Amino acid sequence: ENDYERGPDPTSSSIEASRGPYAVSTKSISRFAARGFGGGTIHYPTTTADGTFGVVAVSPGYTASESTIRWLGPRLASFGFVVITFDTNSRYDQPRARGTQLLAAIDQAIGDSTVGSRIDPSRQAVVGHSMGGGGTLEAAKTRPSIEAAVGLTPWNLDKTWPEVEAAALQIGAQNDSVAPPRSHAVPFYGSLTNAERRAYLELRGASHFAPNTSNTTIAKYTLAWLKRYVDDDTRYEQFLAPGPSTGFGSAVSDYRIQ
Ligand SMILES: [Ca+2]
Ligand SMILES: [Ca+2]
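Going from the sequence shown to our numbering is simple: count from 1 and add 719.
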């Protein structure tokens, strides 16, 4: 029995679609209207007919504006999430600061006059690119009750993450020269000893900037992870285990889950 399931039973096709079954509404937050972060956009299912949803914040990476990760906002929201994409206080904020701002973005959405009543505040998640992906681990360390964390080509100087209890997925890029997975994503995966679930998924042939353009592999597995752990939706376990193929023509070069 699960109170939190939303949407029809999934298929490979459904989770790859550019939009899920929900129409999406949006609310802008200016830099000066934002408490603890640099402004952003809340993307939310228009309908209230199906109940409340979990809340997901999405951080950009080092040097970068919200525009580099904004595509995740409407896409994820359209599958049944309230999603806040945002700018940081400084484009050069480090992972610790990005973690704090992920939590600030969640908290502003939770209290918002438009979307607060659409969120289940007990069910929170964090997603981020680059140092924002490092920030997901920072946020899940600070706020252990986070349900799920997804790092996209994550960067963090701290390689050890025994504090994280959330379900944590790292998506690496095989040819990343900025945050190479051998020294960032893969160490994080290995050290996530206390995580509810941990996974590593590597994009074949990809560069560090793969998460900044719509990418079906990133979207489908981010979605499946968030459904599995923000909504406890066991219908999405089928995509995670045994997980994507790594054979001829696959977009995935490595996949691990524990
Ligand atoms: Ca550490
Ligand atoms: Ca959960």
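Just so it is clear, CB atoms sit at the ideal spot from N, CA and C, and this is done for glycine as well.
Shown here for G792: same chain residues with a beta carbon closer than 7 Å to its own, the five before and five after excluded, namely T760, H762, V777, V802 and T804 in chain order. The three-state reading of DSSP puts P840 in strand, counting E and B together. By the Cβ rule, the stretch 898-907 counts as touching the stretch 870-881, because three or more pairs are nearer than 8 Å. In this structure, the beta-carbon distance from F800 to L945 falls below 9 Å. Taking C-beta atoms as the reference points, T872 and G854 fail to come closer than 9 Å. The alpha carbon of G818 has as its nearest neighbour, out of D839, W790, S926 and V775, the alpha carbon of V775. Of the candidates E956, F798, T833 and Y948, the residue whose Cα lies closest to the Cα of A938 is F798. Per DSSP, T953 lies in no beta strand (DSSP E) and is assigned neither H nor E.
Between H927 and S902, the C-beta spacing is not below 9 Å. Going by beta carbons, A892 and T935 fall outside the 9 Å limit.
Nearest in C-alpha terms to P930, of all of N913, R789 and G968, is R789.
Within the stretch 880-941, the alpha helix (DSSP H) runs of at least 4 residues that lie entirely inside it are, in chain order, 904-910. With fewer than 16 neighbouring CB atoms inside 10 Å of its own CB, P863 falls in the exposed class.
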